[PDB]
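Have a look at run39.pdb below; it lists PDB, C-alpha atoms (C1' of nucleotides).
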```
MODEL        1
ATOM      1  CA  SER M   1       2.743  40.975 -24.536
ATOM      2  CA  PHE M   2       4.466  44.228 -23.706
ATOM      3  CA  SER M   3       3.646  46.062 -20.496
ATOM      4  CA  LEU M   4       3.653  49.833 -20.766
ATOM      5  CA  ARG M   5       3.575  49.970 -16.966
ATOM      6  CA  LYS M   6       6.750  47.990 -16.290
ATOM      7  CA  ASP M   7       9.272  46.961 -18.926
ATOM      8  CA  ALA M   8       9.930  43.607 -17.218
ATOM      9  CA  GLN M   9       6.344  42.350 -17.267
ATOM     10  CA  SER M  10       6.762  42.415 -21.036
ATOM     11  CA  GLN M  11       6.729  38.715 -21.855
ATOM     12  CA  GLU M  12       6.768  36.751 -25.098
ATOM     13  CA  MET M  13       3.647  34.685 -25.656
ATOM     14  CA  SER M  14       3.851  30.917 -25.866
ATOM     15  CA  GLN M  15       3.252  28.957 -29.016
ATOM     16  CA  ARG M  16       2.639  25.544 -27.456
ATOM     17  CA  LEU M  17      -0.469  23.758 -28.646
ATOM     18  CA  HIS M  18      -2.842  22.244 -26.141
ATOM     19  CA  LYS M  19      -3.068  18.487 -26.497
ATOM     20  CA  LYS M  20      -5.820  18.083 -29.023
ATOM     21  CA  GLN M  21      -9.214  17.339 -27.531
ATOM     22  CA  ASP M  22     -10.128  14.926 -30.353
ATOM     23  CA  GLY M  23      -7.395  12.318 -29.820
ATOM     24  CA  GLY M  24      -6.305  11.770 -33.403
ATOM     25  CA  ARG M  25      -3.065  13.558 -33.926
ATOM     26  CA  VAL M  26      -2.642  17.033 -35.330
ATOM     27  CA  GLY M  27      -1.322  18.242 -38.666
ATOM     28  CA  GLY M  28       2.086  19.845 -38.787
ATOM     29  CA  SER M  29       5.770  19.267 -39.210
ATOM     30  CA  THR M  30       7.485  17.552 -36.308
ATOM     31  CA  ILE M  31      10.129  20.218 -36.722
ATOM     32  CA  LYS M  32       7.698  22.580 -35.036
ATOM     33  CA  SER M  33       8.051  26.000 -36.613
ATOM     34  CA  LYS M  34       6.592  29.216 -35.275
ATOM     35  CA  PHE M  35       3.205  30.429 -36.382
ATOM     36  CA  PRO M  36       3.290  32.426 -39.634
ATOM     37  CA  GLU M  37       3.338  36.184 -39.309
ATOM     38  CA  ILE M  38       0.139  37.939 -38.493
ATOM     39  CA  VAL M  39      -1.965  40.416 -40.447
ATOM     40  CA  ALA M  40      -4.890  41.043 -38.041
ATOM     41  CA  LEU M  41      -5.526  41.029 -34.304
ATOM     42  CA  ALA M  42      -8.670  40.676 -32.229
ATOM     43  CA  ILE M  43      -9.176  40.724 -28.470
ATOM     44  CA  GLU M  44     -12.000  41.397 -26.022
ATOM     45  CA  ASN M  45     -11.381  41.058 -22.291
ATOM     46  CA  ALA M  46     -15.019  40.423 -21.347
ATOM     47  CA  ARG M  47     -14.591  36.741 -20.493
ATOM     48  CA  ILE M  48     -10.824  36.488 -20.149
ATOM     49  CA  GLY M  49      -9.336  33.320 -18.762
ATOM     50  CA  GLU M  50     -12.552  31.361 -18.867
ATOM     51  CA  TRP M  51     -11.814  30.709 -22.520
ATOM     52  CA  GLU M  52      -9.752  32.067 -25.373
ATOM     53  CA  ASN M  53      -9.968  35.712 -26.295
ATOM     54  CA  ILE M  54      -7.189  36.475 -28.823
ATOM     55  CA  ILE M  55      -7.693  35.720 -32.518
ATOM     56  CA  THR M  56      -4.737  36.121 -34.867
ATOM     57  CA  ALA M  57      -4.830  35.901 -38.656
ATOM     58  CA  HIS M  58      -1.576  34.221 -39.639
ATOM     59  CA  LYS M  59       0.082  34.459 -43.033
ATOM     60  CA  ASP M  60      -1.512  32.328 -45.754
ATOM     61  CA  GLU M  61      -3.411  29.984 -43.477
ATOM     62  CA  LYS M  62      -7.010  28.998 -44.103
ATOM     63  CA  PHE M  63      -7.753  29.255 -40.364
ATOM     64  CA  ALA M  64      -6.697  31.529 -37.525
ATOM     65  CA  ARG M  65      -5.557  30.426 -34.096
ATOM     66  CA  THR M  66      -6.998  31.385 -30.729
ATOM     67  CA  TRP M  67      -4.987  32.370 -27.680
ATOM     68  CA  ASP M  68      -5.614  32.987 -24.021
ATOM     69  CA  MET M  69      -4.359  36.410 -23.065
ATOM     70  CA  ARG M  70      -4.234  35.335 -19.442
ATOM     71  CA  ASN M  71      -2.311  32.134 -20.047
ATOM     72  CA  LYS M  72       0.079  33.854 -22.518
ATOM     73  CA  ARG M  73      -0.390  30.854 -24.776
ATOM     74  CA  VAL M  74      -2.245  29.824 -27.929
ATOM     75  CA  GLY M  75      -5.470  28.164 -26.908
ATOM     76  CA  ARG M  76      -7.352  25.136 -28.006
ATOM     77  CA  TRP M  77      -9.418  26.265 -30.969
ATOM     78  CA  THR M  78      -8.429  27.253 -34.481
ATOM     79  CA  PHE M  79     -11.041  28.988 -36.607
ATOM     80  CA  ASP M  80     -11.413  28.224 -40.309
ATOM     81  CA  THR M  81     -12.790  30.038 -43.336
ATOM     82  CA  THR M  82     -14.676  26.923 -44.571
ATOM     83  CA  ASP M  83     -14.647  28.242 -48.151
ATOM     84  CA  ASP M  84     -10.943  27.500 -48.738
ATOM     85  CA  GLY M  85      -9.801  31.114 -48.728
ATOM     86  CA  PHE M  86      -7.365  32.968 -46.514
ATOM     87  CA  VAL M  87      -8.390  34.716 -43.333
ATOM     88  CA  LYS M  88      -7.851  38.375 -44.135
ATOM     89  CA  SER M  89      -9.573  40.119 -41.206
ATOM     90  CA  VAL M  90     -10.925  39.062 -37.812
ATOM     91  CA  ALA M  91     -12.724  40.609 -34.871
ATOM     92  CA  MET M  92     -14.448  39.153 -31.843
ATOM     93  CA  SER M  93     -17.751  39.597 -30.059
ATOM     94  CA  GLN M  94     -17.873  41.865 -27.047
ATOM     95  CA  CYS M  95     -19.751  39.145 -25.174
ATOM     96  CA  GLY M  96     -16.598  37.041 -25.511
ATOM     97  CA  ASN M  97     -18.563  34.221 -27.133
ATOM     98  CA  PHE M  98     -17.923  34.805 -30.824
ATOM     99  CA  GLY M  99     -14.981  35.282 -33.116
ATOM    100  CA  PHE M 100     -15.697  36.561 -36.590
ATOM    101  CA  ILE M 101     -13.527  35.397 -39.464
ATOM    102  CA  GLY M 102     -13.536  36.952 -42.927
ATOM    103  CA  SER M 103     -12.311  35.007 -45.932
ATOM    104  CA  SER M 104     -10.567  36.099 -49.104
ATOM    105  CA  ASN M 105     -13.564  34.668 -50.960
ATOM    106  CA  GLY M 106     -16.074  36.585 -48.874
ATOM    107  CA  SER M 107     -17.406  34.111 -46.320
ATOM    108  CA  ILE M 108     -17.665  35.325 -42.740
ATOM    109  CA  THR M 109     -17.684  32.502 -40.226
ATOM    110  CA  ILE M 110     -18.877  33.063 -36.676
ATOM    111  CA  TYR M 111     -17.040  30.643 -34.466
ATOM    112  CA  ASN M 112     -17.757  30.207 -30.813
ATOM    113  CA  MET M 113     -15.131  30.766 -28.153
ATOM    114  CA  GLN M 114     -16.826  28.064 -26.054
ATOM    115  CA  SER M 115     -16.148  24.823 -27.887
ATOM    116  CA  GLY M 116     -14.553  26.087 -31.078
ATOM    117  CA  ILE M 117     -17.834  25.412 -32.848
ATOM    118  CA  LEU M 118     -19.128  27.580 -35.689
ATOM    119  CA  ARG M 119     -22.436  29.423 -35.433
ATOM    120  CA  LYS M 120     -23.227  30.910 -38.850
ATOM    121  CA  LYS M 121     -21.376  31.221 -42.136
ATOM    122  CA  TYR M 122     -22.514  34.426 -43.799
ATOM    123  CA  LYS M 123     -22.108  34.912 -47.560
ATOM    124  CA  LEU M 124     -22.422  38.471 -48.766
ATOM    125  CA  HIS M 125     -19.156  39.360 -50.495
ATOM    126  CA  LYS M 126     -17.775  37.620 -53.557
ATOM    127  CA  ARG M 127     -14.525  39.561 -53.237
ATOM    128  CA  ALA M 128     -12.436  39.446 -50.058
ATOM    129  CA  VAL M 129     -13.676  40.623 -46.678
ATOM    130  CA  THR M 130     -11.219  43.121 -45.190
ATOM    131  CA  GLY M 131     -12.687  44.194 -41.879
ATOM    132  CA  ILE M 132     -15.367  42.957 -39.528
ATOM    133  CA  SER M 133     -16.965  44.259 -36.380
ATOM    134  CA  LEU M 134     -19.898  43.833 -34.069
ATOM    135  CA  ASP M 135     -21.828  46.556 -32.297
ATOM    136  CA  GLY M 136     -21.341  46.961 -28.567
ATOM    137  CA  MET M 137     -24.714  45.417 -27.748
ATOM    138  CA  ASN M 138     -24.047  42.401 -30.020
ATOM    139  CA  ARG M 139     -27.089  43.357 -32.096
ATOM    140  CA  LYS M 140     -25.991  44.652 -35.513
ATOM    141  CA  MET M 141     -22.769  43.525 -37.184
ATOM    142  CA  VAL M 142     -20.948  45.248 -40.030
ATOM    143  CA  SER M 143     -18.424  44.086 -42.547
ATOM    144  CA  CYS M 144     -16.298  45.865 -45.115
ATOM    145  CA  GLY M 145     -15.135  43.997 -48.195
ATOM    146  CA  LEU M 146     -12.837  44.229 -51.183
ATOM    147  CA  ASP M 147     -15.973  44.500 -53.319
ATOM    148  CA  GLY M 148     -16.800  48.017 -52.207
ATOM    149  CA  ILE M 149     -19.584  46.767 -49.951
ATOM    150  CA  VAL M 150     -20.244  47.520 -46.305
ATOM    151  CA  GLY M 151     -22.849  45.008 -45.189
ATOM    152  CA  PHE M 152     -25.217  45.623 -42.277
ATOM    153  CA  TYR M 153     -26.462  42.379 -40.740
ATOM    154  CA  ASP M 154     -28.144  41.730 -37.446
ATOM    155  CA  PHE M 155     -26.400  39.375 -35.057
ATOM    156  CA  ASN M 156     -29.302  38.233 -32.893
ATOM    157  CA  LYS M 157     -31.401  38.158 -36.039
ATOM    158  CA  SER M 158     -30.095  36.635 -39.261
ATOM    159  CA  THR M 159     -31.161  39.188 -41.873
ATOM    160  CA  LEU M 160     -29.047  41.400 -44.102
ATOM    161  CA  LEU M 161     -30.293  44.803 -43.008
ATOM    162  CA  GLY M 162     -28.395  47.144 -45.264
ATOM    163  CA  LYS M 163     -25.849  47.143 -48.031
ATOM    164  CA  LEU M 164     -23.917  50.332 -48.655
ATOM    165  CA  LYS M 165     -21.949  50.465 -51.878
ATOM    166  CA  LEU M 166     -18.834  52.541 -51.709
ATOM    167  CA  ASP M 167     -16.601  53.500 -54.577
ATOM    168  CA  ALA M 168     -13.256  51.832 -54.189
ATOM    169  CA  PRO M 169     -12.935  48.455 -52.501
ATOM    170  CA  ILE M 170     -12.605  48.783 -48.769
ATOM    171  CA  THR M 171      -9.312  47.835 -47.140
ATOM    172  CA  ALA M 172     -10.014  47.948 -43.392
ATOM    173  CA  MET M 173     -12.690  48.528 -40.764
ATOM    174  CA  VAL M 174     -12.393  50.064 -37.299
ATOM    175  CA  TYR M 175     -15.426  50.202 -35.032
ATOM    176  CA  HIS M 176     -16.128  52.412 -32.049
ATOM    177  CA  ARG M 177     -18.278  50.407 -29.647
ATOM    178  CA  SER M 178     -19.078  53.311 -27.316
ATOM    179  CA  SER M 179     -20.500  55.466 -30.110
ATOM    180  CA  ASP M 180     -21.550  52.913 -32.761
ATOM    181  CA  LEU M 181     -19.716  54.550 -35.679
ATOM    182  CA  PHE M 182     -17.332  52.655 -37.875
ATOM    183  CA  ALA M 183     -14.481  53.912 -40.002
ATOM    184  CA  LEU M 184     -12.942  52.457 -43.129
ATOM    185  CA  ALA M 185      -9.941  53.050 -45.345
ATOM    186  CA  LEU M 186     -10.553  52.503 -49.044
ATOM    187  CA  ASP M 187      -8.431  52.621 -52.199
ATOM    188  CA  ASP M 188      -9.663  56.190 -52.751
TER     189      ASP M 188
ATOM    190  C1'   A U   1      -4.998   5.969  74.779
ATOM    191  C1'   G U   2      -5.560   4.415  69.188
ATOM    192  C1'   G U   3      -6.055   6.716  63.702
ATOM    193  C1'   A U   4      -5.701  10.575  59.547
ATOM    194  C1'   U U   5      -4.068  16.167  57.498
ATOM    195  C1'   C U   6       0.057  19.885  57.110
ATOM    196  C1'   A U   7      12.483   6.788  64.109
ATOM    197  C1'   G U   8      10.889  -1.014  63.835
ATOM    198  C1'   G U   9      11.553   2.748  57.224
ATOM    199  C1'   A U  10      16.313   0.067  51.418
ATOM    200  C1'   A U  11      17.278   4.456  48.458
ATOM    201  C1'   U U  12      23.631  10.927  48.823
ATOM    202  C1'   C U  13      27.330   7.320  42.598
ATOM    203  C1'   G U  14      29.343  14.109  37.133
ATOM    204  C1'   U U  15      26.923   7.251  31.864
ATOM    205  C1'   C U  16      30.172   3.842  28.809
ATOM    206  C1'   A U  17      27.827   0.835  25.741
ATOM    207  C1'   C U  18      23.970  -2.857  24.737
ATOM    208  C1'   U U  19      18.971  -4.594  24.123
ATOM    209  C1'   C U  20      13.806  -3.975  24.784
ATOM    210  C1'   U U  21       9.291  -1.240  25.214
ATOM    211  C1'   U U  22       6.929   3.438  24.963
ATOM    212  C1'   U U  23       5.113   7.861  22.691
ATOM    213  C1'   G U  24       6.424  11.800  19.199
ATOM    214  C1'   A U  25       8.470  13.773  14.626
ATOM    215  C1'   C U  26       9.454  12.038   9.801
ATOM    216  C1'   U U  27       9.466  10.245   3.597
ATOM    217  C1'   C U  28       5.399   8.485   2.749
ATOM    218  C1'   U U  29       0.601   5.924   2.851
ATOM    219  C1'   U U  30      -5.195   3.213   2.863
ATOM    220  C1'   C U  31      -9.924   4.575   4.876
ATOM    221  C1'   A U  32     -11.576   8.886   0.517
ATOM    222  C1'   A U  33     -12.263  12.008  -1.298
ATOM    223  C1'   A U  34     -11.974  17.226  -1.604
ATOM    224  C1'   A U  35      -8.827  21.742  -2.000
ATOM    225  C1'   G U  36      -4.750  23.219  -5.094
ATOM    226  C1'   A U  37      -0.240  30.952  -5.019
ATOM    227  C1'   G U  38      -2.661  29.259 -10.373
ATOM    228  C1'   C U  39       0.571  31.038 -16.217
ATOM    229  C1'   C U  40       4.611  31.073 -19.418
ATOM    230  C1'   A U  41       9.541  29.716 -20.662
ATOM    231  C1'   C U  42      14.202  27.037 -19.934
ATOM    232  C1'   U U  43      16.228  22.467 -18.582
ATOM    233  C1'   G U  44      16.320  17.460 -16.382
ATOM    234  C1'   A U  45      14.251  12.730 -15.239
ATOM    235  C1'   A U  46      10.656   8.881 -15.588
ATOM    236  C1'   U U  47       6.616   6.047 -17.750
ATOM    237  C1'   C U  48       3.480   4.218 -22.018
ATOM    238  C1'   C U  49       2.454   2.863 -27.465
ATOM    239  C1'   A U  50       4.636   3.276 -32.295
ATOM    240  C1'   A U  51       9.580   2.663 -33.954
ATOM    241  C1'   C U  52      14.334   0.417 -34.195
ATOM    242  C1'   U U  53      17.842  -2.867 -32.138
ATOM    243  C1'   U U  54      19.656  -7.649 -29.939
ATOM    244  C1'   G U  55      18.110 -12.619 -28.435
ATOM    245  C1'   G U  56      14.270 -16.446 -29.332
ATOM    246  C1'   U U  57       9.868 -22.148 -31.101
ATOM    247  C1'   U U  58      18.108 -25.704 -31.698
ATOM    248  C1'   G U  59      12.435 -22.554 -27.028
ATOM    249  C1'   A U  60      11.705 -16.005 -25.328
ATOM    250  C1'   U U  61       8.358 -15.569 -20.949
ATOM    251  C1'   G U  62       5.201 -17.378 -17.000
ATOM    252  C1'   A U  63       5.564 -20.688 -13.085
ATOM    253  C1'   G U  64       3.516 -23.300  -4.922
ATOM    254  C1'   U U  65      10.779 -27.942  -6.073
ATOM    255  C1'   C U  66      11.283 -28.118  -1.321
ATOM    256  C1'   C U  67       3.965 -27.686   2.625
ATOM    257  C1'   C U  68       8.755 -33.569   1.791
ATOM    258  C1'   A U  69       4.485 -38.098  -5.256
ATOM    259  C1'   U U  70      10.310 -39.444  -1.194
ATOM    260  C1'   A U  71       4.026 -37.965   0.884
ATOM    261  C1'   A U  72      -0.705 -37.308   3.537
ATOM    262  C1'   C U  73      -5.633 -39.786   4.273
ATOM    263  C1'   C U  74      -7.607 -44.250   3.246
ATOM    264  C1'   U U  75      -8.621 -49.095   1.081
ATOM    265  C1'   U U  76      -7.859 -54.459   0.701
ATOM    266  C1'   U U  77      -4.904 -58.761   2.064
ATOM    267  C1'   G U  78      -1.111 -62.114   5.418
ATOM    268  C1'   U U  79       0.267 -61.558  10.966
ATOM    269  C1'   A U  80       1.022 -59.441  17.249
ATOM    270  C1'   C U  81      -2.649 -58.080  20.935
ATOM    271  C1'   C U  82      -6.828 -56.960  24.150
ATOM    272  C1'   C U  83     -12.640 -55.798  26.794
ATOM    273  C1'   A U  84       0.469 -58.770  27.864
ATOM    274  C1'   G U  85      -1.543 -60.245  31.984
ATOM    275  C1'   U U  86      -3.584 -63.852  35.674
ATOM    276  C1'   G U  87       0.169 -65.973  40.214
ATOM    277  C1'   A U  88      -0.477 -71.318  44.115
ATOM    278  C1'   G U  89      -1.717 -74.375  42.323
ATOM    279  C1'   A U  90      -0.503 -79.095  39.362
ATOM    280  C1'   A U  91      -0.204 -85.310  39.638
ATOM    281  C1'   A U  92      -0.707 -90.248  43.331
ATOM    282  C1'   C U  93       8.831 -95.178  44.633
ATOM    283  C1'   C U  94      13.610 -96.891  45.078
ATOM    284  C1'   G U  95      21.672 -99.616  43.045
ATOM    285  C1'   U U  96      24.317-103.363  45.945
ATOM    286  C1'   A U  97      24.403-102.252  57.307
ATOM    287  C1'   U U  98      22.984 -98.066  54.973
ATOM    288  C1'   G U  99      23.256 -93.536  49.737
ATOM    289  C1'   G U 100      19.002 -90.058  46.001
ATOM    290  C1'   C U 101      16.327 -85.669  39.511
ATOM    291  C1'   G U 102      10.846 -88.430  43.464
ATOM    292  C1'   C U 103       7.116 -81.163  41.556
ATOM    293  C1'   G U 104       6.576 -76.180  42.833
ATOM    294  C1'   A U 105       7.839 -69.031  44.394
ATOM    295  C1'   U U 106      14.710 -70.076  42.827
ATOM    296  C1'   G U 107       7.306 -70.617  39.794
ATOM    297  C1'   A U 108       3.392 -75.121  40.170
ATOM    298  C1'   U U 109      -0.058 -73.754  36.417
ATOM    299  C1'   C U 110      -2.971 -71.103  32.335
ATOM    300  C1'   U U 111      -3.057 -68.180  27.718
ATOM    301  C1'   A U 112     -19.546 -59.351  23.344
ATOM    302  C1'   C U 113     -22.027 -65.430  21.086
ATOM    303  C1'   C U 114     -23.020 -70.428  20.088
ATOM    304  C1'   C U 115     -21.425 -75.720  20.280
ATOM    305  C1'   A U 116     -19.778 -81.311  25.813
ATOM    306  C1'   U U 117     -13.035 -77.378  28.736
ATOM    307  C1'   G U 118     -11.835 -79.302  20.281
ATOM    308  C1'   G U 119     -12.846 -75.179  16.547
ATOM    309  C1'   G U 120     -14.145 -69.968  15.431
ATOM    310  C1'   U U 121     -17.166 -65.550  14.195
ATOM    311  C1'   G U 122     -17.424 -59.879  15.698
ATOM    312  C1'   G U 123     -14.930 -54.766  17.060
ATOM    313  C1'   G U 124     -10.790 -51.514  18.485
ATOM    314  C1'   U U 125      -5.289 -51.038  18.159
ATOM    315  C1'   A U 126      -0.108 -51.640  14.904
ATOM    316  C1'   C U 127       2.758 -52.750  10.645
ATOM    317  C1'   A U 128       4.367 -54.837   6.051
ATOM    318  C1'   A U 129       1.858 -53.849   0.842
ATOM    319  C1'   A U 130      -0.832 -51.796  -3.433
ATOM    320  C1'   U U 131       0.697 -51.179 -11.743
ATOM    321  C1'   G U 132      -5.371 -49.446  -5.191
ATOM    322  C1'   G U 133      -8.654 -45.381  -4.107
ATOM    323  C1'   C U 134      -8.464 -39.756  -3.220
ATOM    324  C1'   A U 135      -6.344 -38.411  -8.186
ATOM    325  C1'   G U 136      -6.830 -36.592 -14.457
ATOM    326  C1'   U U 137       1.642 -36.347 -17.369
ATOM    327  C1'   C U 138       3.394 -27.849 -17.683
ATOM    328  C1'   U U 139       2.935 -23.430 -20.870
ATOM    329  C1'   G U 140       4.695 -21.877 -25.906
ATOM    330  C1'   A U 141       5.590 -16.406 -28.058
ATOM    331  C1'   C U 142       7.181 -12.873 -27.178
ATOM    332  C1'   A U 143      10.866 -10.959 -24.184
ATOM    333  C1'   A U 144      14.606  -7.346 -23.263
ATOM    334  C1'   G U 145      17.478  -2.332 -24.482
ATOM    335  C1'   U U 146      17.178   2.951 -26.663
TER     336        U U 146
ENDMDL
END
```
Serialized structure, structure tokens:
Amino acid sequence: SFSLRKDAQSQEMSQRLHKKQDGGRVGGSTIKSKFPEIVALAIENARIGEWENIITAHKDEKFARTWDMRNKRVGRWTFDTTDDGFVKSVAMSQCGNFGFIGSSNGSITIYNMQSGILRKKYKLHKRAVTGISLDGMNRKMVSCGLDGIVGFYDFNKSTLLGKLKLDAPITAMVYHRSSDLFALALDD
RNA sequence: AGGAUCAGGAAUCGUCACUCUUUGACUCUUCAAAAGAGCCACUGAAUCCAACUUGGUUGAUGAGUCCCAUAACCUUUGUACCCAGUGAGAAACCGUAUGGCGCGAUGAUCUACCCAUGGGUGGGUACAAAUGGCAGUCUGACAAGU
């Protein structure tokens, strides 16, 4: 967590798991290794420090861990794909209540940042998802996939609104919340 | 002339310890919670299960010996008492001119009921005694160290 203000407030984040809220013990080597290297990042500071607000898509893991930005430490919930694919892109809700997780098999899970519970598991893509977003009002959510599809869904509602077919498969998705556009890189 | 405000009456010490009491601080701590200058990291310690080790039913641990089972409190059977004390009252002559145990204070005299001063029953008080009551002969599987 580098600080562009002051070079000494730059601090390395913790990787120390919270003691698991279930009680049955967690899965990992006792030689505790670091988390595998990350391919995607996601953070909204709307409700910071009341729960987790950093989602990181680690290398070749079926889930993606959550972190408190304020506590400089990986938080309590890990967020799965639930279709046995890799997490290949993540983004979070601007209300700080949802993290969106896009599989390599196309399933987009909407986990909650409250209890680590899932909300909905969308299935539109049969290729990999490669970039997700939500609009700034948390009304209409987009996703770009490795199928060449950009899917328009509502978030309050549950209907697939639109389905734009682009030419090459779509590698990434950047959204502008203030102006409701969204950009994408493709293989073209 | 008697009393109370601002000569009829002991109190001039360069301290050493000791003890006691007193209150205050204090690490804490119950009433009883509640609030937490918050997060990381490093490093230390401690505890608890798993683990392993050593010892252990040839007995690990747990344990009110002494407050006396060596008893207390009774209960029944053999004795000592008293409603030790009482204290002046108990029985009628004399070996060979003469001599005495012939009582007794220095002790004579006795040891709530019925029966003509013969015997005992009843209660308190004490002890000896119980193979009598009250009053029915321990646990047994982990422990301990990292």
What would the selection look like, as a PyMOL selection string, if the PyMOL selection byres ((chain M and resi 80) around 8) were run on the coordinates I just shared?
chain M and resi 62-64+78-79+81-82+87+101+109
For C-alpha atoms, I'd like the residues from the last selection saved as a PDB file, keeping the file's coordinate frame.
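File again-v5.pdb, as written:
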```
ATOM      1  CA  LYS M  62      -7.010  28.998 -44.103  1.00  0.00           C
ATOM      2  CA  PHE M  63      -7.753  29.255 -40.364  1.00  0.00           C
ATOM      3  CA  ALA M  64      -6.697  31.529 -37.525  1.00  0.00           C
ATOM      4  CA  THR M  78      -8.429  27.253 -34.481  1.00  0.00           C
ATOM      5  CA  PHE M  79     -11.041  28.988 -36.607  1.00  0.00           C
ATOM      6  CA  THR M  81     -12.790  30.038 -43.336  1.00  0.00           C
ATOM      7  CA  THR M  82     -14.676  26.923 -44.571  1.00  0.00           C
ATOM      8  CA  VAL M  87      -8.390  34.716 -43.333  1.00  0.00           C
ATOM      9  CA  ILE M 101     -13.527  35.397 -39.464  1.00  0.00           C
ATOM     10  CA  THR M 109     -17.684  32.502 -40.226  1.00  0.00           C
TER      11      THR M 109
END
```
Please return, as a ChimeraX atom specification, all residues of chain M lying within 7 Å of chain U when all atoms listed in the file are considered.
/M:14,71-72
Hits from the PyMOL selection byres ((chain U and resi 60-66) around 12), listed as a list in words
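When the PyMOL selection byres ((chain U and resi 60-66) around 12) is applied, the selected residues are residues 55, 56, 57, 59, 67, 68, 69, 70, 138, 139, 140, 141, 142, 143 and 144 of chain U.
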Distance query region 78-82 of chain U at most 12 Å, only C-alpha atoms (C1' of nucleotides), self and fewer than 3 positions along chain excluded, as a PyMOL selection string
chain U and resi 85+123-129
Can those selected residues be exported to a file as a PDB file, in the coordinates of the input so that it contains C-alpha atoms (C1' of nucleotides)?
```pdb
ATOM      1  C1'   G U  85      -1.543 -60.245  31.984  1.00  0.00           C
ATOM      2  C1'   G U 123     -14.930 -54.766  17.060  1.00  0.00           C
ATOM      3  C1'   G U 124     -10.790 -51.514  18.485  1.00  0.00           C
ATOM      4  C1'   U U 125      -5.289 -51.038  18.159  1.00  0.00           C
ATOM      5  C1'   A U 126      -0.108 -51.640  14.904  1.00  0.00           C
ATOM      6  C1'   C U 127       2.758 -52.750  10.645  1.00  0.00           C
ATOM      7  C1'   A U 128       4.367 -54.837   6.051  1.00  0.00           C
ATOM      8  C1'   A U 129       1.858 -53.849   0.842  1.00  0.00           C
TER       9        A U 129
END
```
For the PyMOL selection byres ((chain M and resi 83) around 8), applied here, can you spell out every residue it catches as number ranges by chain?
M: 81-82, 84-85, 103, 105, 107
Residues just named, written with C-alpha atoms as a PDB file, in the frame of the given file:
```
ATOM      1  CA  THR M  81     -12.790  30.038 -43.336  1.00  0.00           C
ATOM      2  CA  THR M  82     -14.676  26.923 -44.571  1.00  0.00           C
ATOM      3  CA  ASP M  84     -10.943  27.500 -48.738  1.00  0.00           C
ATOM      4  CA  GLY M  85      -9.801  31.114 -48.728  1.00  0.00           C
ATOM      5  CA  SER M 103     -12.311  35.007 -45.932  1.00  0.00           C
ATOM      6  CA  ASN M 105     -13.564  34.668 -50.960  1.00  0.00           C
ATOM      7  CA  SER M 107     -17.406  34.111 -46.320  1.00  0.00           C
TER       8      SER M 107
END
```
Do you know which residues are at most 6 Å from region 118-135 of chain M counting all atoms listed in the file, after dropping those on the same chain fewer than 3 positions away, and could you put them as a ChimeraX atom specification?
/M:88-89,91,102-112,138,140-147,171-173,177
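The gap separating CA of residue 47 (chain M) from CA of residue 5 (chain M) is 22.7 Å, in Å to one decimal.
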Please report, as lines of an AutoDock Vina configuration file, the centre and edge lengths in Å to one decimal of an axis-aligned box covering all listed atoms of region 16-27 of chain U with 6 Å per side.
```
center_x = 17.6
center_y = 4.6
center_z = 16.2
size_x = 37.1
size_y = 30.4
size_z = 37.2
```
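For the set U:36, U:44, U:107, U:119, the residue with the smallest atom-to-atom gap to residue 88 (chain U) is U:107, counting all atoms listed in the file.
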For a test of reading the model, state the distance in Å between CA of residue 76 (chain M) and CA of residue 113 (chain M), rounded to one decimal.
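So the answer is 9.6 Å.
Between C1' of residue 90 (chain U) and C1' of residue 111 (chain U) the interatomic distance comes to 16.2 Å.
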Would you mind telling me which residue in M:187, M:75, M:34, M:3 lies nearest to residue 21 (chain M) when using all atoms listed in the file?
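For residue 21 (chain M), the nearest of the given residues is M:75.
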Choose the residue, out of M:182, M:94, M:53, M:170, that has the smallest atom-to-atom separation from residue 152 (chain M); count all atoms listed in the file.
M:182
Using only C-alpha atoms (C1' of nucleotides), determine which residues lie at most 8 Å from residue 43 (chain M), disregarding the query and same-chain residues fewer than 2 positions distant; provide the list as a PDB file with C-alpha atoms, keeping the file's coordinate frame.
```pdb
ATOM      1  CA  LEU M  41      -5.526  41.029 -34.304  1.00  0.00           C
ATOM      2  CA  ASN M  45     -11.381  41.058 -22.291  1.00  0.00           C
ATOM      3  CA  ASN M  53      -9.968  35.712 -26.295  1.00  0.00           C
ATOM      4  CA  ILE M  54      -7.189  36.475 -28.823  1.00  0.00           C
ATOM      5  CA  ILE M  55      -7.693  35.720 -32.518  1.00  0.00           C
ATOM      6  CA  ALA M  91     -12.724  40.609 -34.871  1.00  0.00           C
ATOM      7  CA  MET M  92     -14.448  39.153 -31.843  1.00  0.00           C
TER       8      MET M  92
END
```
